[PDB]
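Any read-out appearing in this document is the output of simple, stated calculations on the displayed coordinates, not a laboratory observation. Methodologically, a virtual Cβ is constructed for each residue, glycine included, from the backbone with ideal geometry; neighbour enumeration extends over all protein chains shown.
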Protein chains: 2
Amino acid sequence: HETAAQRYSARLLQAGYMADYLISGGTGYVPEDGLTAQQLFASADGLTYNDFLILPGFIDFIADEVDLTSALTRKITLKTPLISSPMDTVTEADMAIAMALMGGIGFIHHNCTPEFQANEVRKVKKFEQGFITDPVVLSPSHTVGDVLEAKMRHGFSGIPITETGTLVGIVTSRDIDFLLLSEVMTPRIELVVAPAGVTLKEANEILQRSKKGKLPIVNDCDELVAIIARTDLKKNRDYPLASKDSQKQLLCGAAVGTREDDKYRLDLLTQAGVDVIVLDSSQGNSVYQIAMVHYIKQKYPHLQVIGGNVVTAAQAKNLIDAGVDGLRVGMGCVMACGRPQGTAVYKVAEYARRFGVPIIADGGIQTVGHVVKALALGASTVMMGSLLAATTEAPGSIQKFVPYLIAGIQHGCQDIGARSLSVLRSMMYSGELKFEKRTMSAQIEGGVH
Amino acid sequence: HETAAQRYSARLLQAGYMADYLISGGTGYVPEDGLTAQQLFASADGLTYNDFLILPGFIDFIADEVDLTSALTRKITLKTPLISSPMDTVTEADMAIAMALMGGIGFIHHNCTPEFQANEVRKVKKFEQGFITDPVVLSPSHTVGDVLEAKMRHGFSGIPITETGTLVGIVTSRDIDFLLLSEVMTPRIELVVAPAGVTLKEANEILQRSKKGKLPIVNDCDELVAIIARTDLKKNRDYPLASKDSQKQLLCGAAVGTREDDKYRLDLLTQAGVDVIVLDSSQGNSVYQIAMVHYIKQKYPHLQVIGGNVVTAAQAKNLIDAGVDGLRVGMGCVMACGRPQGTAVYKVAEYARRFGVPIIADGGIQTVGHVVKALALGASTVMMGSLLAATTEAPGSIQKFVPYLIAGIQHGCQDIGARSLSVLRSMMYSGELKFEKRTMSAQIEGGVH
Ligand SMILES: Nc1ncnc2c1ncn2[C@@H]1O[C@H](COP(=O)(O)OP(=O)(O)OP(=O)(O)O)[C@@H](O)[C@H]1O
Ligand SMILES: Nc1ncnc2c1ncn2[C@@H]1O[C@H](COP(=O)(O)OP(=O)(O)OP(=O)(O)O)[C@@H](O)[C@H]1O
Ligand SMILES: Nc1ncnc2c1ncn2[C@@H]1O[C@H](COP(=O)(O)OP(=O)(O)OP(=O)(O)O)[C@@H](O)[C@H]1O
Ligand SMILES: Nc1ncnc2c1ncn2[C@@H]1O[C@H](COP(=O)(O)OP(=O)(O)OP(=O)(O)O)[C@@H](O)[C@H]1O
């Protein structure tokens, strides 16, 4: 970790022209200008995000070397400091897949029956990046008029056929478009198809020879195990920001309530193999939400748990020493309680950091500037709210839209002169990064309104 | 009364796992975060209720165990911290009954002849829950046309009859629908009258057998004393939040002016039996209000007196040491005097408290958040203003509406972690409850505008 004075003096000696390094070290002087974060929050006002700025630094790297690696919980790590919020208006299994493919995570909302949430988790854990998730397969006992309508029900129309479930051939639109006819098309006589477990490059080369649209994957027992459709192999992108677990399949989380009736919901989700739980609660520091934490850590010692909403170091203490591995730092964005967001994030992050429990800055983030700030104050990850609602993956497109935010954060953390979010926060806690307040007159000019 | 550190450490030892109780007591450490109330008002910015928040605490009880018992004056106590304001657009005998049935009190306005206010008090003191207050009795000498029109005057039409006023029979629409006679209607024959005063639950059984619409209440003198109507027995609710005096009938108050002409108004109201007087005045600390106070305490030593409006500890001193038993803490919510309401409530409550003289936070309260605040700052009761105008009791129904505010206050004082308003204030004065300021940027984002 090199100070801006160390970076300038070293890189100036790399460019080329004594008792300067020997009389003040690599700290070759810089003017003190603006406030350190510890001073900015000392006046005890409710500084929100619109209210402060980050004074620019020294730049010695390009805007595409700003490592974004962030930490979600004590053991889960992410390539992107973003998250989708556990709301019915935002996250379901489609957006949970989309976020994980962009190096983040998503949390499945809990405004549903417990079985539905476990099904939506299962739907994410089994994604495979080119195979069809949960293929529809039909029985020869069923009349093809009740396969022809499925095109009116699900929209797709090339259906594989077998005795009841995941062998005979396929029925597709070209078997039906000239005609109710019981079922009388394509026995087990398909062309070149995947005989066992296969790769996506191998399927791309087989589909090129075969020219057909569906490709079964069968097993050694010579029955269907998965299926491919050509239309997806035409488009499936590279995703280096993978967000995969130790079994090389997507990370995803689930929200759970804190009620007595929720040990059952938490079972079904842990049987679906969910990676992390967020305890959804308007105020996390309650006796029965601490009982819920002690209960999870006693029964499923592998499951990561993120504590419910807090905004003080006293709440953060009681949830941490209960054993939680994260924290949603956000509340009050009519109520009579809460805290101004910017002060909440700074105070909880600075407290949690003493043990290593990264936090999650949820609430009232609505620009990429607010994201860069929340990350400079101490938040480890920012939970995108209704900002993602009315994108086409919500119950623009998330896959095309997340790169915009990434490039914006990278440009920001480049103007600040911090080559990786971990360094941004180190540069903040050590007082090397400087901040300035704003009068209302100075934000009505150049922003806000 | 136990602190968040005492409650967490004790309740953790109820669940189970040393020289940690023996080296710092039940105060097992919590982070200092936010301002105590004494610090919040030290800056001498005049705050109002929109300017601060209450940092959330530790929760260990349900939102329905938040005892709301508050103290109106040194001797009158209320089950609910609400009041209806003494305004013509708000309080009259109907709303005064409605507030007392919801565990609060109401103060009858004084924009009237003194006789009218004494009548509206008399109407409130004599309520009796099931019985008709002030029944209409007609004379056997009246022609039916002057009874039949009363249905056009008062709307009801089952009129009991006797010589002039509070039985010799009844007359109802069924006696009159076919017709003008002068007397042909039901003479004394009535199906199980109440022979004396009776329990409302006994009358509920009598109406079930009798099937008639009216039930006379009579006396051993063989004459009327009260009457019951069947339609009210179908709907009378439980009211456990009673607000009743030692004589087991409703509490109510009256506003009086401070003029020389008002010893007469104060007589008529004290003859009607009013429980508490509020001295209405734009500024309470005047020689002729202190004369009015000394005068009441010299002539009616039983009557509770609430001092007219103040906003400083210097005003509060002069009225307290005059002998008043309460205080409307509110002024100026264009006139060149006054105070920002949040600072007024805190300063007057903190001063009065030295003697035990609870105050009443009147002015500019327009949400349930502001109510929870005014109660956290020191106000003992909050006087609902034009917030209650355009309800059906205003000269959408107060009986149905007050439970909303109650549940809201209870949810608030649950998030704050204080099991009973008396504990909320104890937790504030002892500096355990922490507050935060809010820049305009922090309330332009999180509600309010
Ligand atoms: N067996 C299947 N079960 C469920 N969905 C399927 C199946 N086969 C294809 N799909 C859906 O179709 C998408 C891509 O294939 P495509 O749309 O070309 O199917 P298709 O059957 O060939 O459609 P169509 O016959 O109308 O042209 C997949 O991403 C998936 O959403
Ligand atoms: N892997 C396969 N091997 C052999 N024949 C196949 C295979 N997959 C599909 N078929 C058959 O080949 C024909 C074309 O099917 P295809 O996969 O192209 O779907 P389709 O409905 O015809 O697609 P599209 O509507 O876009 O033209 C159909 O008779 C179908 O049953
Ligand atoms: N004798 C009465 N004197 C005064 N008020 C009365 C009297 N009888 C009824 N009321 C008023 O009328 C309300 C409804 O009473 P009730 O339903 O018995 O009316 P009613 O006599 O049957 O009228 P109607 O014959 O027109 O239906 C009561 O709550 C009360 O406010
Ligand atoms: N307590 C009573 N005992 C005996 N007769 C009564 C009594 N009260 C009313 N009546 C008579 O019984 C008849 C019906 O009276 P009731 O009170 O049921 O009519 P109402 O409810 O006022 O009229 P409506 O049915 O239109 O609302 C009338 O002749 C009335 O004078």
For B:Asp20, label point 7 Å along C-beta direction: distances to other copies, nm: 5.5
Percent of alpha-carbon pairs separated by more than 35 Å within the protein assembly as shown: 65 percent
DSSP-assigned coil residues among trypsin sites (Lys or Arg not before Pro) in region B:189-241, each with at most 14 further Cβ atoms within 10 Å: B:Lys211, B:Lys234, B:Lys235, B:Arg237
Where only alpha carbons of region B:87-186 are counted, the Rg and the Dmax (Å): 17.2, 49
Where labels lie 7 Å past Cα in the beta-carbon direction, separation of B:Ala15 and A:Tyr404 in nm: 4.4 nm
Translational diffusion coefficient (Stokes-Einstein; Kirkwood radius from C-alpha pairs) of region A:194-241 at 4 °C, 1.567 mPa s, in µm²/s: 113 µm²/s
Net charge of neighbours whose Cβ lies under 15 Å from the Cβ of A:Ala42, counting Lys and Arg as +1 and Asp and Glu as -1: -3
Two-decimal ratio, region A:50-106, of alpha-carbon radius of gyration to 2.2 N^0.38 Å: 1.49
For region A:196-207, 3J(HN,Hα) per residue [Karplus equation, 6.51 cos²θ - 1.76 cosθ + 1.60, θ = phi - 60°, Hz, x = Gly/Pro]: 7, x, 9, 8, 5, 5, 5, 4, 4, 6, 5, 4
Hits among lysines - C-alpha to C-alpha of B:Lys214 under 17 Å, sequence gap 8 or more where chains match: B:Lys151, B:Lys201, B:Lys234, B:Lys235
FRET E, pair B:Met152, B:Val184, Förster distance 25 Å, beta-carbon r, rounded to 0.05: 0.75
Point-to-point label distance, A:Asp232-B:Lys234, nm (Cα→Cβ direction, 7 Å offset): 6.4 nm
Descending semi-axes in whole angstrom, ellipsoid equivalent of region B:1-99, from the Cα gyration tensor: 39, 22, 12
Intensity falloff of region A:1-40 expressed as log10 I(q)/I(0), Debye formula with alpha-carbon point scatterers, at q = 0.28 Å⁻¹: -1.01
Loop-located GluC sites (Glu not before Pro) in region B:195-254 whose Cβ has at most 15 other Cβ within 10 Å (DSSP): B:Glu223
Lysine pair count for region B:315-434 [Cα-Cα under 21 Å; pairs on different chains or 8 or more apart]: 4
Closest-to-axis residue of chain A (Cβ criterion, axis taking A to B), whole Å: A:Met440, 4
Debye, to nearest 20: dipole size of chain B, +1 on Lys, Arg Cβ, -1 on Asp, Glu Cβ: 380 debye
Label point 7 Å beyond Cα along the C-beta direction, distances from B:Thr186 to other copies (nm, shortest first): 8.5
For region A:250-397, alpha-carbon Rg over 2.2 N^0.38 Å: 1.05
Cα gyration tensor, region A:87-143 - rounded (a/c under 1.5), prolate or oblate: oblate
Neighbour net charge for A:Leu55 - beta-carbon separation under 14 angstrom, K R +1, D E -1: -1
Hypothetical label at B:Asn111: residues of region B:386-411 whose amide nitrogen lies under 13 Å (7 Å Cα-Cβ projection): B:386, B:389-390, B:395
Per principal axis, descending, Cα span of region B:339-405 in whole Å: 40, 23, 21
Mean residue ellipticity (222 nm) of the protein assembly as shown, computed from DSSP H runs ≥ 4 via -39,500 (n - 2.57), nearest 500: -9000 deg cm²/dmol
Longest to shortest principal axis, alpha-carbon extents of region B:113-158, angstrom: 33, 29, 20
Antiparallel bridge percentage (DSSP; both residues within the protein assembly as shown; nearest 5): 40 percent
Pseudo-label separations to other copies for A:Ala442 - Cα-to-Cβ vector, 7 Å, nm: 1.7
Normalised convex hull volume, region B:214-294, alpha-carbon set, Å³ per residue: 191 Å³
Cubic angstrom per residue, convex hull over Cα atoms of region A:351-448: 139 Å³
Overall Cα dimensions of region A:131-246 - principal axes, largest extent first, Å: 47, 31, 29
Net charge dipole size for the protein assembly as shown [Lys, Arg +1 and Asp, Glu -1 on Cβ; Debye, nearest 20]: 700 debye
Surface/4 estimate of mean projected area, convex hull on alpha-carbon atoms of region A:169-314, nm²: 15.2 nm²
Pairs of alpha carbons in region B:387-444 whose separation is greater than 19 Å (percent): 55 percent
Share of pairwise Cα separations in chain B, more than 41 Å, in percent: 31 percent
